[PDB]
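Sequence, then structure. It's an experimental one.
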Amino acid sequence: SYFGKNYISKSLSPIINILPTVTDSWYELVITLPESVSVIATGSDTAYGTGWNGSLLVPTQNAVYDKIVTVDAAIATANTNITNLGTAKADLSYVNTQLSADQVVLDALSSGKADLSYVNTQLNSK
Amino acid sequence: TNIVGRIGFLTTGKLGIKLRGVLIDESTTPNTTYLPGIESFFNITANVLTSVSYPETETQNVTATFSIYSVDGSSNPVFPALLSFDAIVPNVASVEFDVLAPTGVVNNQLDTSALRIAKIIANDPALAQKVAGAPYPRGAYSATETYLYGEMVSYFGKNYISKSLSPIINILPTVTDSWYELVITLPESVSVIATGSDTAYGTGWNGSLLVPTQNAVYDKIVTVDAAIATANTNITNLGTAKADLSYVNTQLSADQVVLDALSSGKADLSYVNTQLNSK
Amino acid sequence: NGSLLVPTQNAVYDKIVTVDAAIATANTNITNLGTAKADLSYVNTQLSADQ
Amino acid sequence: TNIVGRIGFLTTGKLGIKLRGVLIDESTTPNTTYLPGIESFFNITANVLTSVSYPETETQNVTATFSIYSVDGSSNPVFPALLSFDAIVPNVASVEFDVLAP
């Protein structure tokens, strides 16, 4: 059953991932519904399957609720990814501070410590 | 191990058990040695094995031959071993004889009894598919193709299976001589026109009563999903694009330990000049 | 949940839709602010200069 | 060394033991000089060896032949031995007939 129409597979070989709308592998079971005294309000029990691009159908509450639930689950997953990324992956302040401290130690060590050439010259003098 | 069991189609007989190798038993304090090739006989009276006791040959993997003999007028085993088989007596207080006897038939190729063949053909999916008959779907009816027997088409909203044993062309499905309709008989139908409303408008609102829409629902929801996926892509890109906390900490610690080592064991200018002036 | 009624009128579906759109935009803003802080190529460059 | 054990599927029988070579058990005060080739016979009554005491041979490394004969109406051991092998009698006070390693 596909989007309100019943189909029968007419392919001898087993088929998979072929939409029933393909008449080359499926036959649609026609129904006229002649002058029936009962014409009431129902929905379409087709779960969200990206077949709703051109679809004058009307979606049941179940498909919409399930898609909303999975969308919210994905959003929660993204939010938790952001949360556990921020606290463990990215930060700039103390990295910059420690780099500046290391740079100040580097220039202090460069200035204070004696060149090996200077030490060699002085040892030569004596 | 005690052995209990019943024997069909034999009111009176003798059961004989013989070992194929030596057996060692420790159920008794003095270790019991069991010689092979010696047959032990037990009565089978009123289709019941009277008192069959044989040592356990399970953990020793020793096989024993069991045999069923008819009794002559002297209550003695005649020897056409009606049922003979090799089996291992397991380690249990009482075992059933049905377990020991093998299950199955040697001449398994002899039975072809119509009922059996019917069951075989029905149960196998391939043979069942071969015996199909029935409608053979082909699609909407047209007058430019040939429909064989059992071919079923759609015409004016009805389903028609051709019953002409010969192929037909251009002949309408409605004429009952060569087609026949497949009844549906649906009473008190529910889904006719409400499912078909939909209407094409409405993405974000709160008062227009967007009850039936499905296409715009699909479009807005794929927009939302694309936004979420782009957010995930940005999150992953930022994750791979920035530096990790632990890696930076480790690199900084390595630089700091090298730095303190350099500061400790090095020649400061003042000390060297002082030593030179002393020299 | 469950296939009992169909409606899903413009009184409960679009409220959740707007909630999800707003939360996705908020996550986008949080991602934007997170990406403004820290980096890898620059840190590696400066660490190599120090090395 | 005293040999003890039961023999299943044999209501009554004889156990014959024969020394391979000359044995000298100095344990006994009059050092017993056991001669070879002589087949000492013991009784297996009610599937049980009656009283099988044999000198140990682990020390001097001498084999002994053990055979289990069935018994006919004349009490003569039917010489085709239902079981027969060669083993060294271990130097223990009591030994099980099953544990005699051929």
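Received it, and whenever you're ready, just let me know what you need. Numbering: from 1, shown residues only, chains lettered A, B, ... in the order given.

Grab the most central residue of chain A for me.
Central residue of chain A (Cα atoms, centre = their mean): residue A:74, 7.1 Å from the mean position.

can I assume that residue is in contact with residue B:227?
No - assessed by Cβ atoms under 8 Å, residue A:74 is found out of contact with residue B:227, at 10.8 Å. Any C-beta I mention is one placed from the backbone N, CA and C, and that applies to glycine too.

what about the residue of chain A found nearest chain C, neighbour count?
The minimum distance from chain A to chain C, using Cβ to the nearest Cβ, falls at residue A:43 (3.0 Å). Using other Cβ atoms under 10 Å in any protein chain shown, residue A:43 has 23 other residues around it.

buried residues in the top helix by length along chain A?
Criterion DSSP state H: the longest helix present in chain A is helix A:61-86. Along helix A:61-86, these residues count as buried under the neighbour rule (16 or more other Cβ atoms under 10 Å in any protein chain shown): A:61-65, A:67-68, A:71, A:74-75, A:78-79, A:81-82, A:85-86.

One more: stretch A:109-125?
Using 16+ other Cβ under 10 Å as the test for burial, stretch A:109-125 gives A:113-114.

What lies in contact with that stretch?
B:259, B:262-263, B:266-269, B:272, B:276 (Cβ atoms under 8 Å, 6 or more residues apart in numbering or on different chains).

Between the two ends of that stretch, how far is it?
This stretch, stretch A:109-125, spans 25 Å end to end (Cα to Cα, to the nearest Å).

roughly how far is that stretch from the heart of the chain?
Relative to its parent chain, stretch A:109-125 has a centroid offset of 61 Å by Cα atoms, centre = their mean, to the nearest Å.

circling back: list the contacts of the residue nearest to the centre of chain A.
Residue A:74 neighbours (Cβ under 8 Å, 6+ apart): B:228, B:232.

Same question for the one 5 residues further on.
Residues in contact with residue A:79 (Cβ under 8 Å, 6+ apart) are C:23, C:27.

Same question for residue A:20.
Residues counted as contacts of residue A:20 (Cβ under 8 Å, 6+ apart) are A:2, A:5, A:7, A:26, A:28.

Would you map the strands across chain A?
A:6-9, A:26-29 (DSSP state E).

Now render these as a markdown table, adding mean neighbour count.
Formatted as a markdown table, the strands of chain A follow (neighbours: other Cβ atoms under 10 Å in any protein chain shown):
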| stretch | mean neighbour count |
| --- | --- |
| strand A:6-9 | 14 |
| strand A:26-29 | 19 |
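
between the ones you listed, which gets nearest to chain B?
Nearest to chain B, of the strands of chain A and by Cβ to the nearest Cβ, is strand A:26-29 at 3.4 Å.

So the closest one, near chain B or not?
Yes - counting by Cβ under 8 Å from any Cβ of the partner chain, chain B is contacted by strand A:26-29 at A:27-29.

which secondary structure elements does that strand contact?
Contacts defined by 3 or more Cβ pairs under 8 Å, 6 or more residues apart in numbering or on different chains; DSSP states H and E place strand A:26-29 against strand A:6-9, strand B:136-140, strand B:151-155.

Can you give the distance from that strand to the centre of its chain?
The answer for strand A:26-29 is 36 Å, by Cα atoms, centre = their mean.

just stretch A:37-57 next, same as before
When C-alpha coordinates are averaged (Cα atoms, centre = their mean), stretch A:37-57 and its chain have centres 27 Å apart.

Sort out which residues of that stretch are buried, please.
Buried residues in stretch A:37-57, counted by 16+ other Cβ under 10 Å: A:41-44, A:46, A:48, A:52, A:55-57.

List the contacts of the nearest residue to residue A:1 once chain neighbours are set aside.
Spatially, and ignoring its direct neighbours in sequence, residue A:1 is nearest to residue A:7 (7.6 Å; Cβ to Cβ, 6 or more residues apart in numbering or on different chains). Residues in contact with residue A:7 (Cβ under 8 Å, 6+ apart) are A:1, A:20, A:26-29.

got the residues of chain A near chain C?
With Cβ under 8 Å from any Cβ as the criterion, chain A meets chain C at residues A:41-45, A:58-62, A:64-66, A:68, A:71-72, A:75, A:78-79, A:82, A:85-86, A:89-92, A:95, A:99, A:102-103, A:106.

and the residue of chain A found nearest chain D, what does it touch?
Per Cβ to the nearest Cβ, residue A:14 is where chain A lies closest to chain D, at 63.1 Å. By Cβ under 8 Å, 6+ apart, no residues touch residue A:14.

What is the end-to-end distance of stretch A:30-50?
End to end - Cα to Cα - stretch A:30-50 spans 24 Å.

ok, residues contacting that stretch?
Contacting residues not belonging to stretch A:30-50 are listed as A:2-4, A:6, A:57-64, A:66-67, B:154-159, B:184, B:186, B:188-195, B:214, B:218, B:221-222, C:3, C:5-6 [Cβ under 8 Å, 6+ apart].

With stretch A:95-106 instead?
Contacts of stretch A:95-106 (Cβ under 8 Å, 6+ apart): B:243, B:248, B:252, B:255-256, B:259, B:263, C:38, C:43, C:46, C:50.

mind redoing it with 10 Å?
Under the criterion Cβ atoms under 10 Å, 6 or more residues apart in numbering or on different chains, residues B:243, B:245, B:248-249, B:252, B:255-256, B:259-260, B:262-263, C:37-39, C:43, C:46-47, C:49-50 lie in contact with stretch A:95-106.

For the closest residue to residue A:67 other than its chain neighbours, give me the backbone phi and psi.
Closest residue to residue A:67 apart from its sequence neighbours, by Cβ to Cβ, 6+ apart: residue A:48 at 4.6 Å. Taking degrees, to the nearest 10, you get phi -60, psi 120 for the backbone angles of residue A:48.

ends of stretch A:40-57, how far apart?
15 Å.
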